Amino acid sequence: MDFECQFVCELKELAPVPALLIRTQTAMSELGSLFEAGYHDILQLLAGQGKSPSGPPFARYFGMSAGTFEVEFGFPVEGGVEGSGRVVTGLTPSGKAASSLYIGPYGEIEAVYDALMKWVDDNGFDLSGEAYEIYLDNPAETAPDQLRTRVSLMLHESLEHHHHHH
């Protein structure tokens, strides 16, 4: 169960980007609906200052596999933006983590978690910090096989998240 060989995982660092986000703790049976509305309606500050994010939204969540974890929507700006309430502007630090770009149609994203869980296990590395998802462009309109999501997760802790279709 060492050399199982599944996908190609890379040790990639996180980049320091000016990003506004709402750090909110939520559950797995909530995260989905949360992101939908969060990407659609994001700050009268941003969408009311007459400007746009300088890149695609990256959803980072802090907290190993648990009932409720702390998520941050993470929208990329240039720096001259302000937040309000719980959705405020911040800065990301750099750090090494296991990341892999999921390019193509979606499904049980748990399958890729298990993959990245395994390679770092063999490596003998430890937790990176928080986990990262990211949505580049809109699905279906630019073909499914061009939907790319560099999914990064914590290194060797638990990450027990499984849908299981059987």
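Okay, so the sequence shown: first residue is 1 according to PDB author numbering, each after it adds one.
Just so you know, even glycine gets a beta-carbon here, dropped at the ideal spot from N, CA and C.
In the three-state reduction of the DSSP assignment, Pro56 falls in the coil class.
Two segments are said to touch when three or more pairs of C-beta atoms, one from each, lie closer than 8 Å; by this definition the stretch 28-46 touches the stretch 83-98.
Measuring C-alpha to C-alpha distances from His166 to each of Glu108, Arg148, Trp119 and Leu43 identifies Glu108 as the nearest. In this structure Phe58 is in contact with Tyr132, their Cβ atoms being roughly 6 Å apart against a cut-off of 8 Å.
Annotation for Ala27: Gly67 and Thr68 place their beta carbon closer than 7 Å to its own, counting only its chain and skipping 5 residues before and after.
Taking 8 Å as the upper bound for CB-CB distance, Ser99 and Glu10 are in contact here, some 6 Å apart.
Along the stretch 28-107, the beta strand (DSSP E) occurs as fully enclosed runs of 3 or more residues at 58-62, 68-72, 87-91 and 96-103, listed in sequence order.
Across the set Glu13, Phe73, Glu4 and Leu91, the C-alpha of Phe73 shows the shortest separation from the C-alpha of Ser33. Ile134 has its alpha-carbon roughly 18 Å from the corresponding atom of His161.
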